[PDB]
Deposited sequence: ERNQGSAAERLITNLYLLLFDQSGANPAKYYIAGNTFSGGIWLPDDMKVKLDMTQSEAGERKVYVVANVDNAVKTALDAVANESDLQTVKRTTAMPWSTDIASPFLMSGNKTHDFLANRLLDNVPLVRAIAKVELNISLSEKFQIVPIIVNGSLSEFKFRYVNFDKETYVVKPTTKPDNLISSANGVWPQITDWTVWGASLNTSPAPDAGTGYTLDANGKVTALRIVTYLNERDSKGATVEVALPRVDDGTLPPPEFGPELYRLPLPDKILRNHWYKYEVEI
């Protein structure tokens, strides 16, 4: 399905446009700064002072929600291919260190001599989203030890998530991998205990949560995280359930694609 997501997932706080000419070089650059928020969000339109005759035919790239590092890299871009070398690194590349506003990019080729308006440039988020809804079978439906809202006995880790967010994905994205925990069974000392941030009633877009029945037994678990795209296999979510604990692995897809939302109904 195509799903527009939340307002936070769609938030645009700045824009950077690059208008390449025929040879994919000499790009005209326009940074539309967040402190000026010309950008017409209510028209979903950027107006530039470059005229039709100045523009001619252009390969138009739009990047949204840059930070200063990414902006400065874009300021130095000379060729279309350079865009595929501009990337942001995140030490812990999952929620919530990856959060709104999300880096986005898109492009379209357009002849401005023919029409002053380019309609339109589709802006594609550079990250992906993973949602696990775990239904627990009877052997796991226990009264949980809860500490500050978290489930001490239920734990998870992200394995082989990529640290890089590319503005434009390289032809074959290389690897820069990390896991959120590396503790081995049975202690799994550094794994993350299950949280309750999703149990709130506006409910954020990412986090962890769970459901208790009337007997106070846990019957379902939920985890939602953002993550970076991967062209290579190995990204995994692992969960530890009370029995040492029982460990379950969910391999994510062989490719994690940008602006895809992978929802799993998991029965354990």
query	finding
Missing CA stretches, deposited numbering from 1, N-terminus first	38-40, 247-257
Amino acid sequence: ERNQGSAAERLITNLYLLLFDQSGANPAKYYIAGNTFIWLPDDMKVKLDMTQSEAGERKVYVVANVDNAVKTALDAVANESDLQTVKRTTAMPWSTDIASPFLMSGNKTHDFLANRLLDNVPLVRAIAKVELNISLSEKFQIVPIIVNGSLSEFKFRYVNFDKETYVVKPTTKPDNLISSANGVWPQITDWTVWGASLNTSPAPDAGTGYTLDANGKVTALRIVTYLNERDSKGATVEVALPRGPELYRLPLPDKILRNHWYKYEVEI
From here on, numbers count along this sequence of modelled residues.
{"item": "Segment of higher mean CA temperature factor, 256-264 or 21-29", "value": "21-29"}
{"item": "Residue range whose averaged C-alpha B-factor is higher in the record, 145-153 or 72-80", "value": "145-153"}
{"item": "Criterion, highest CA B-factor; candidates, 165, 109, 95, 182", "value": "182"}
{"item": "Of the residues 127, 132, 99, 136, the one carrying the largest Cα B-factor as recorded", "value": "136"}
{"item": "Chain thirds of CA B-factor: placement of residue 46", "value": "lowest"}
{"item": "Where the record places residue 40 (Cα B-factor, split into thirds across the chain)", "value": "lowest"}
{"item": "CA B-factor placement of residue 205, once the chain's modelled residues are sorted into thirds", "value": "middle"}
{"item": "Third of chain Cα B-factors occupied by residue 159", "value": "middle"}
{"item": "Relative C-alpha B-factor of residue 222, binned into the chain's lowest, middle or highest third", "value": "middle"}
